[PDB]
Amino acid sequence: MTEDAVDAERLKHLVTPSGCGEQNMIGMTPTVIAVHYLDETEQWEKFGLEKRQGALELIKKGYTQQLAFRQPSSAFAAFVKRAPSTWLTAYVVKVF
Amino acid sequence: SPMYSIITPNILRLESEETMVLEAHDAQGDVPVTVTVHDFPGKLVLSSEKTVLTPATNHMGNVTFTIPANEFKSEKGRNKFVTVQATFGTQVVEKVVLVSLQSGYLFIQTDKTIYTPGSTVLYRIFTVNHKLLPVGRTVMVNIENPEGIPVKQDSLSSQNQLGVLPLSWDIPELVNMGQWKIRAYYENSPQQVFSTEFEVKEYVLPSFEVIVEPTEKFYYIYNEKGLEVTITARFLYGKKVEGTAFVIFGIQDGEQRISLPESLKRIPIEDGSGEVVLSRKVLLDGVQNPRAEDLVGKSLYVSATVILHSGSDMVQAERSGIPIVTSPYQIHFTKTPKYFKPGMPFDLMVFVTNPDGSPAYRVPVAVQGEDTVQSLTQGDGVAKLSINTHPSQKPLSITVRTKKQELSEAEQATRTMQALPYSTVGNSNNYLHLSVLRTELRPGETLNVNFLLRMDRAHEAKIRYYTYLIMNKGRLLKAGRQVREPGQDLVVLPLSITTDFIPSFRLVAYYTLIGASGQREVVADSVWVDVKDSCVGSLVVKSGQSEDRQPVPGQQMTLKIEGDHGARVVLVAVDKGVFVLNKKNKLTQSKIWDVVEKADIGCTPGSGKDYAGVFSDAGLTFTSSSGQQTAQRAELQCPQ
Ligand SMILES: *[C@@H]1O[C@H](CO)[C@@H](O)[C@H](O)[C@H]1NC(C)=O
């Protein structure tokens, strides 16, 4: 009475973090959600054991970059000079 | 650019001492090293046991730790992994290794092998770990009916019991017959279960054992004389039997047994020995296939019924597994390496065996090509053959055939093997051959490996030592260097084989150079050595008396036990009538060693496709900071 999840064979295309805060979100979100999905489904046995460490390293690098990009009022935006965006802050809260 | 390597057993175990050999090749000065293990995925089961590497040890060390078992019992149906992430100074290297749930062995010993209803069952449950040492763990035991429904459940602790748990059960009066089973399993790892079988039957003890041993443990299909079977009967206590014996023969194919109506014969035994023959005409006419050749493969079986002239006692004895074969030898390639090296001897371990399965003794083997090579098998049925190999990349087609005299050439045994060449790194032609003697080694005597080498003279100064490791029973036993002065091409390393090496040790080795454009490479090898299977200690029982033999019933006698100090012996005395009635499911050292060897991680008797293959075949995991790391394993058993 259950549906089998995706084997994640074709999910290999899921990107190093780079760019500004928006570009860093673009980089992390697919990789972070992919590693979370793989952890939930416990299918690392076939996707490749080694790539998880690289994924963790890159997502940690992006998280550190965004921690550096955090405004003094605990706000997240594309630029520190630019006014904080509520949607960006909510998305960063969800990612955290 | 120094490297830092971690070598750990391929599959880890719960609650045991697991060693991780650490090297730092071409490293100057001391380097701190910390080894931490984390659960995979997520994140800290253990982060202790750091070490400081010193040039005083030539920058080599080992860190042993025991991972606690807890998150480990939540999920078991799917394989679970742990991450061994170690930091060498500022450089970090990590590798994900598999973790099994098996933690030890339980050898169940029942005093008898057949019980009558209304009789108590006395049995023990030894508790030993992977290294064959007493351990304190909690066991569970369930005793199954013939159908397979548990009847008794119990829980015991081996703590302060020195690994022996004597127990009991009084068989209920109204019970089903047939085989019963006792299944015991460690409480932490409920998916691995050990068992024994005891039979409940209506019996009264016999009075004499009947032995039927055919003259040859097979039947030649073209022999015109027929099967030659000898029936012998001696009383339990050592006297000859006079009586009449009925025998019968049949053909046992698959699971269906068909008897031969024209074969039953009464052959009176005088002085306790009688002989009957099954003429080939009877064998052909009993079966419905007149083609004698189509009968091959099927096995005969002899059922002998003996009755004394008193007529007071009758005993049955059956010898099955007499194979009908056209050739008296079966050549096996179980122990031969499946991969070789160009331009080195390629030691073949052919295993000549009788058709029943027992090892063959004093049989000459030969290679069809270059027939100038010929050998003769040793005690354990293994014949050392050596075939020189041309330095070529083509697979080598080795065929071995038995060349025993007084046997027609249409009657010997033949077999073929495919062996593929070791593949270097980028066709650099840097190999390593590790020659060795392989015989029925006895513990104590030394062995001299030969760390043979082959590489161009342009890089003979870069290599100055050979690392080596010794697997045994599932964990690294010794790990050291082997210094070699430049300009020297053969290095003999004397290995001190103690009694700790029983029954086999999978010696590996490797070095490391930089060549071609300046890229790192590793070259490895493996050897499987079989040691004679006996105790790691010693125990024997004999009699105190030296006179007045044949004790009368009711007379004191003193039996002497010569065992290792501090040990604990457990005794049981069984009437031999019981073993006459049912001789299956006994306990002896051979089965213990078979069970221990059946759980070894290594799954090929040496060499491999390349260095990663060699290490995985041994049962290791060699990862380095540069990147040269072994292939991942995620299955408990290597493919068949
Ligand atoms: C490392 O291996 C050597 C082998 O001689 C052994 O003596 C030593 O005890 C091992 N290290 C540890 C920490 O057990």
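The numbering of chain B matches Swiss-Prot: 23-65, 67-93, 95-664, in order.
Here the Cβ of each residue, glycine as well, is placed from N, Cα and C on the backbone.
As annotated in Swiss-Prot, phosphoserine applies, among B:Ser219, B:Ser297, B:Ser410, to B:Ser297. B:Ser38 is the residue among B:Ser38, B:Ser459, B:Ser562 that Swiss-Prot describes as phosphoserine.
Swiss-Prot names the disulfide partner of B:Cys627 among B:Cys559, B:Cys662 as B:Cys662. In Swiss-Prot, the feature phosphoserine is assigned, of B:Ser70, B:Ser287, B:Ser447, to B:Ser70; the remaining candidates carry no such note in the record. Residue annotated by Swiss-Prot as phosphoserine (from the set B:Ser303, B:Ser528, B:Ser550): B:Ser303. In the vicinity of ligand 1, defined as a Cβ distance under 6 Å, the following of the recorded positions B:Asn85, B:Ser297, B:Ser303, B:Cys627 are placed: B:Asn85.
Put simply, B:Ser38 (phosphoserine) is 23 Å from B:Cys662 (disulfide bond) when counted between their Cα atoms. B:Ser303 (phosphoserine) sits 20 Å from B:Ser297 (phosphoserine), taking the CA atoms of both as reference points.
For B:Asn85 (N-linked glycosylation site), the same-chain residues lying six or more positions away in sequence with a CB closer than 8 A to its CB are B:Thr41, B:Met42, B:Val43, B:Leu44, B:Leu500, B:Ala503. For B:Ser297 (phosphoserine), the nearest of the recorded positions by C-alpha distance turns out to be B:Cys627; the candidates were B:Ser38, B:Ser70, B:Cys627.
In this structure the C-alpha atoms belonging to B:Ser38 (phosphoserine) and B:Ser70 (phosphoserine) are separated by 16 Å.
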